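Residue numbers (the entry's author numbering), protein chains in the order written: chain A, 1 to 38; chain B, 1 to 118; chain C, 9 to 142; chain D, 2 to 176; chain E, 393 to 560; chain F, 617 to 840; chain G, 1 to 137. Even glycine gets a Cβ: it sits at the ideal position worked out from N, Cα and C.
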Amino acid sequence: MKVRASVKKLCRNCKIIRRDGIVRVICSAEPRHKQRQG
Amino acid sequence: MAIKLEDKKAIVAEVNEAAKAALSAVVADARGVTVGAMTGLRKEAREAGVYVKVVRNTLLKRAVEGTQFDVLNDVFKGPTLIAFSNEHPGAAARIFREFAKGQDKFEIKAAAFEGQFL
Amino acid sequence: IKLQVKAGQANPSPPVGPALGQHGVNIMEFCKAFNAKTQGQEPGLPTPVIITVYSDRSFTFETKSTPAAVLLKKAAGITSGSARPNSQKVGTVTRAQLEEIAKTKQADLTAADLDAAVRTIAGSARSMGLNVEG
Amino acid sequence: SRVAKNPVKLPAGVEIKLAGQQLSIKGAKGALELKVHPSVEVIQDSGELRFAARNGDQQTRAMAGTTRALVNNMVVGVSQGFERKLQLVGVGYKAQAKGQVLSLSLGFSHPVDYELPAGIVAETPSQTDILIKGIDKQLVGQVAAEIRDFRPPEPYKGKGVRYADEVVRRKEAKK
Amino acid sequence: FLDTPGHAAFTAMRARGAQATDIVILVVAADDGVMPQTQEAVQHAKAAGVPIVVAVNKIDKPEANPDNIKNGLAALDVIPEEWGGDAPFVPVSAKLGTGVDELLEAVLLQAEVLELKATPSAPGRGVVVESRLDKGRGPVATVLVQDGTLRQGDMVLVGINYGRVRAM
Amino acid sequence: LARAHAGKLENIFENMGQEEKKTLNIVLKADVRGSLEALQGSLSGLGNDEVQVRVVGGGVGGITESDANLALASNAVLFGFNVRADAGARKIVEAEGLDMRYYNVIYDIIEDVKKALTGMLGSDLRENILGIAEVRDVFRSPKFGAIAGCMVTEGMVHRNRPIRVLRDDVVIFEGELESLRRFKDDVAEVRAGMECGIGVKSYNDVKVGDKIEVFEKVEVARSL
Amino acid sequence: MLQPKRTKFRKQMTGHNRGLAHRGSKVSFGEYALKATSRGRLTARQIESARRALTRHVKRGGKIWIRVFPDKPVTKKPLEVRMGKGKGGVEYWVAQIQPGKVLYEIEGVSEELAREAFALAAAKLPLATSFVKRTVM
RNA sequence: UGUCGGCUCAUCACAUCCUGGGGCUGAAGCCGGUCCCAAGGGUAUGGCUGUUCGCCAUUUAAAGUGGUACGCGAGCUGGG
RNA sequence: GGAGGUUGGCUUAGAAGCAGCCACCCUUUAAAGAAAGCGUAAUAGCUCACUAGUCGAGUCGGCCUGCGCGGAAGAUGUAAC
Ligand SMILES: *C(=O)[C@H](CCSC)NC=O
Ligand SMILES: [Mg+2]
Ligand SMILES: [Mg+2]
Ligand SMILES: [Mg+2]
Ligand SMILES: [Mg+2]
Ligand SMILES: [Mg+2]
Ligand SMILES: [Mg+2]
Ligand SMILES: [Mg+2]
Ligand SMILES: [Mg+2]
Ligand SMILES: [Mg+2]
Ligand SMILES: [Mg+2]
Ligand SMILES: [Mg+2]
Ligand SMILES: [Mg+2]
Ligand SMILES: [Mg+2]
Ligand SMILES: [Mg+2]
Ligand SMILES: [Mg+2]
Ligand SMILES: [Mg+2]
Ligand SMILES: [Mg+2]
Ligand SMILES: [Mg+2]
Ligand SMILES: [Mg+2]
Ligand SMILES: [Mg+2]
Ligand SMILES: [Mg+2]
Ligand SMILES: [Mg+2]
Ligand SMILES: [Mg+2]
Ligand SMILES: [Mg+2]
Ligand SMILES: [Mg+2]
Ligand SMILES: [Mg+2]
Ligand SMILES: [Mg+2]
Ligand SMILES: [Mg+2]
Ligand SMILES: [Mg+2]
Ligand SMILES: [Mg+2]
Ligand SMILES: [Mg+2]
Ligand SMILES: [Mg+2]
Ligand SMILES: [Mg+2]
Ligand SMILES: [Mg+2]
Ligand SMILES: [Mg+2]
Ligand SMILES: [Mg+2]
Ligand SMILES: [Zn+2]
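Listed below in structure tokens is the structure:
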């Protein structure tokens, strides 16, 4: 999990989801692409 | 991919030039045995070589617009196995019958020996 | 099974081993293939072999065309290919040499005419580090 | 609203009850599934089943397609069944179902005994395969997730309990 | 019986065990399969030109499965007594003592070499297994007699050291 | 003798080709010849491209006076595998500061030799910056020839740190700070935005506009 | 960095920054430009930082113009100094920016390459910017 | 409106030193690095120096960072 | 459906698309990569890419703008209507 003020897609398989009021990035391929906040 | 700029136009033009071949044409639907059996039917290219080809059903109606094999418009639904012969009318219907005898695929849609609605 | 026998394995079974990875069957019964087949091109050609377990142990040998790796190595120079292909030539090849084995390898190759058939081996010899010229 | 518009297409043997906002489905080989509807869906009944919205709100459009999918799961769940395949990977890992107790050996000092809830039943065809048979998806999926959470898969060798329709990442120690 | 260490720092020692054995017992654990050191051991045995008899050990463990070992050893050209038949396999349990008698039967069945020692009345001839220095009795040499008979009070020439045996 | 001479020839040729190597000399005693040869063979692949381990004296039996003062004459480490030292060797070891370790497993010896090898390399002398000053106006002092009246532009300046003077991006002097002053105070540190007086005895060549750079060197060392 | 070769006077009054940029608001040389949409001032270290971040991204052809020049000297009073005792010494040079001023120009590249490269430059500047195209009027 | 340091006695914050729960790792294991949650309880003895600090010696799971008139002289001391 | 030369060459006990390096062509096709992933001790075997069929009406993205969301950690007690 990476926590930053500026989260964004890092490849083609990343998804931008809003979960309970927080913007997150979840990747189905690379676990280092997980992000929180922003 | 398969764009409408030239993939639809080129295949239509080639098929139209191929519609002036021998009247007899064979149509089937191969959703069965692997491409090896399809390549086995392609071995006729060395011996018979009629058309050994399958094209999109949507473009099939657009092609054959010369009123030479118009009967195939109402029979080309779903998959198609257009196998129009070049000489010695027949052959394709007889060869595929032997091919279907030793397999389980191939449905055989119709024939085109002169004007004949299947 | 698609094991590649090497000019005979009736007595020896170092690389035959028809029991590991497949249902172990009679080795003495199966090893007599080197007698009936008797290779065909010197006692050096490694040929492909396909066998079926069938119901319980019924053996059946098919034998395919010789691999196009010994023909490109044991007929035109050193029997070992170059480590780096397309960067350091291993050995020159003429068009007739490829056509010499093209007719022998009449199995498959999906070639309608001999004009296309040669182009299949040309890409094979290039991957071996050899040099091919018309 | 593609999902909502699509009728359910229930099979031959299924009994339908509709007490307004209360629905219940009776089926052979497992039955007694019921649920309540939120106040913003109309379920017209015929030889088929179709779903419509009452308002034109955003949430009503979203929930109209959720109610359709929930009912479709109920209809399939009574006629057909729901099962979720699990498999164990490793040495010494084994499972065994003894009635309503499923005993697993997953590399701990003690063996774990998991109590299968009422409704679903598990059965072990072999020592490394688990089936979770049930008639509703939520209870079948939830139990399969609880069991999998005892020893979830590892990247370095792949050991642990995993879904049979799951892709497991692998890595190797450097050098 | 000769017992050799299994680590990789003693390979030379293992070589010295191969040139005196006349038979190699290769012990491989059923659970662990074939490992680098058993491959090195079969290389040593082949270099010595000596028959090999294995003992797939630790069979009492529930894992067991003494079958992948057969394929792994066949890959290194050690054929089981089954299949074709070159060397005999046998499952043993070491610390339960199951199959040990059958292993002994297999190893003593190797009388096909006939193990002729020539006369025991020849002058003694042997090889040094190890050597050490004792603060109370000088250099002590553990030697394996190969043929002949060694008697107390005899002139011995070993390596570059010579002398006669005060004690044995 | 022939093998020793040939090995010396080859080693001298290789060393003169490369440069020099730091040796760790050990005197090794063991209980059996097999253990001794195993230890000698296994303690040969432990070196590096800049450090190496040498066995200067082997043997079988207890540790004696001869090998004790053989280690004394080579700065060697005295290892005894499954053996003990006698009374005289103990006297010698107590008299000086020779380090003698006993062992019963070869891997303990390997671990200790690796740990000793890892303690003979101390590079990574790269610099990290602390502050920069810029000279404007020049003064003179009786003890320090040219005093640079300067202003610190970034970071910090400390009284005794290695310096680097550069004008037009080319270094001219690389000494250290000797005298740091605020008016007549002799301060030890000046932070950015403050004006100060810099004095170095050997700089002696000051001109307005020259940049003065202050850094430190931190040793993160290496590994094998 | 960028600063006048010589000046009539060493110092200046702070002044004020008001109005819009009616002059210097057109793409006069290139095809694409970076234009300021808020008012502030660039310190000649942000101009050089944004230039190197801009020319590096192109690295193959293209002509680049700079329409801003820092010609205003600013002073700064050193630490631990009281108020008064004269004006401070000049430390750096700055340029006044009003909304609508063109900052950089480029030609000889695609619209997408210029649009990517001006994004990198705008991240080094303390003011809002925008991307514009050349028009006849 | 008595200004450093020490003693005695404390109270709060969390930007967490230990213990507790997790994500990623260039995470094999044993150890680590980094980030997120968490303030319940804990969180050295000495040699030098007036010292706070610092450097050393030897421990500990750890020897946290700060606010409180740089907490506390109508509570003590008086080395600076 | 997802193929033939072909276990491409080297290395390796054995590297067969999938330990590691180099190369990455041709063939019948509608389509198939000297292969993106799982698995095998190495095979074998389930995927993906790509193409044909069904489906049956929308889909993709940018610009301007009103109100909102994160970025947002402190010391006696809520304590920034
Ligand atoms: C010395 O007086 C120094 C000079 C600053 S630059 C003329 N100022 C303060 O120490
Ligand atoms: Mg929650
Ligand atoms: Mg082990
Ligand atoms: Mg003013
Ligand atoms: Mg003006
Ligand atoms: Mg008072
Ligand atoms: Mg106290
Ligand atoms: Mg408080
Ligand atoms: Mg916190
Ligand atoms: Mg931090
Ligand atoms: Mg902490
Ligand atoms: Mg913690
Ligand atoms: Mg962690
Ligand atoms: Mg706490
Ligand atoms: Mg606390
Ligand atoms: Mg508290
Ligand atoms: Mg609290
Ligand atoms: Mg509590
Ligand atoms: Mg103390
Ligand atoms: Mg202390
Ligand atoms: Mg004192
Ligand atoms: Mg406090
Ligand atoms: Mg405060
Ligand atoms: Mg304070
Ligand atoms: Mg105070
Ligand atoms: Mg305090
Ligand atoms: Mg007092
Ligand atoms: Mg006081
Ligand atoms: Mg008093
Ligand atoms: Mg008072
Ligand atoms: Mg008092
Ligand atoms: Mg006093
Ligand atoms: Mg006094
Ligand atoms: Mg908006
Ligand atoms: Mg906000
Ligand atoms: Mg606050
Ligand atoms: Mg509070
Ligand atoms: Zn991603």
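Identity of the residues DSSP links to residue i by a beta bridge
i: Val671 of chain F; result: F:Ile642
i: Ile106 of chain G; result: G:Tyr32, G:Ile64
i: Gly771 of chain F; result: F:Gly747
i: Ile22 of chain A; result: A:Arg19
i: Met547 of chain E; result: E:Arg556
i: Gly813 of chain F; result: F:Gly765, F:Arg797
i: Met716 of chain F; result: F:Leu694
i: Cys27 of chain A; result: A:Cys14
i: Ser523 of chain E; result: E:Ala533
CB contact flag (residue i, residue j, <7 Å)
i: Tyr104 of chain G; j: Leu34 of chain G; result: yes
i: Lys36 of chain D; j: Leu24 of chain D; result: yes
i: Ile64 of chain G; j: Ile97 of chain G; result: no
i: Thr396 of chain E; j: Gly409 of chain E; result: yes
i: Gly464 of chain E; j: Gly425 of chain E; result: yes
i: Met136 of chain C; j: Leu80 of chain C; result: yes
i: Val81 of chain G; j: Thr43 of chain G; result: no
i: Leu688 of chain F; j: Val643 of chain F; result: no
i: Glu84 of chain D; j: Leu132 of chain D; result: yes
i: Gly40 of chain G; j: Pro126 of chain G; result: yes
i: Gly91 of chain D; j: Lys172 of chain D; result: no
i: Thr80 of chain B; j: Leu59 of chain B; result: no
i: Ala41 of chain C; j: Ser132 of chain C; result: no
Inter-residue CB distance, residue i and residue j (contact presumed, cutoff 8 Å)
i: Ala18 of chain B; j: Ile95 of chain B; result: No, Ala18 of chain B and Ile95 of chain B are not in contact; Cβ-Cβ is about 18 Å, not under 8 Å.
i: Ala65 of chain D; j: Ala20 of chain D; result: That pair is no contact at about 20 Å.
i: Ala145 of chain D; j: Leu87 of chain D; result: 6 Å
i: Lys109 of chain B; j: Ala28 of chain B; result: 6 Å
i: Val676 of chain F; j: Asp647 of chain F; result: 7 Å
i: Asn86 of chain B; j: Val50 of chain B; result: 6 Å
key: Where the region 796-809 of chain F meets chain G: residues whose CB sits under 9 Å from a CB there   = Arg798, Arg807, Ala808, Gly809
message = Counting only Cβ-Cβ distances shorter than 8 Å, please list the residues of the region 529-554 of chain E near chain F, keeping chain order.
response = none
ask   = Quick one, which residues of the region 449-464 of chain E are near chain C if we go by CB-CB under 7 Å, in chain order?
value = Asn463
ask   = Which of the residues in the region 512-525 of chain E, read from start to end, lie with their CB under 8 Å from any CB of chain F?
value = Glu522, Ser523, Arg524, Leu525
Short-range partners of chain E found in the region 26-39 of chain C, where Cβ spacing is below 8 Å = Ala27, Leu28, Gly29, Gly32, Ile35, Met36
ask   = Listed from N- to C-terminal order along the chain, which residues in the region 669-681 of chain F have their beta-carbon within a distance smaller than 7 Å of any beta-carbon of chain E?
value = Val676, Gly677, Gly678
inquiry  = Counting only Cβ-Cβ distances shorter than 7 Å, please list the residues of the region 396-410 of chain E near chain F, keeping chain order.
reply    = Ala401, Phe402, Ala404, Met405
ask   = Given a limit of 7 Å on CB to CB distance, which residues of the region 55-83 of chain G reach chain F?
value = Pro78, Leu79, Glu80
ask   = If contact means a Cβ-Cβ distance below 8 Å, which residues of the region 758-789 of chain F contact chain G?
value = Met767
ask   = Which residues have their C-beta within less than 7 Å of a heavy atom of ligand 1, listed in chain order?
value = F:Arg752, F:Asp753, F:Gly765, F:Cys766, F:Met767, F:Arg797, F:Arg798, F:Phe799, F:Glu811, F:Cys812, F:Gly813
Within 7 Å of chain G by C-beta, residues of the region 810-830 of chain F in sequence order = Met810, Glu811
task = May I ask you to list, following chain order, the residues of the region 627-650 of chain F that have a beta carbon less than 8 Å from some beta carbon of chain E?
result = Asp647, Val648, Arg649, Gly650
request  = Please list, in chain order, all residues with a C-beta atom less than 7 Å from at least one heavy atom of ligand 4.
outcome  = G:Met13, G:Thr14
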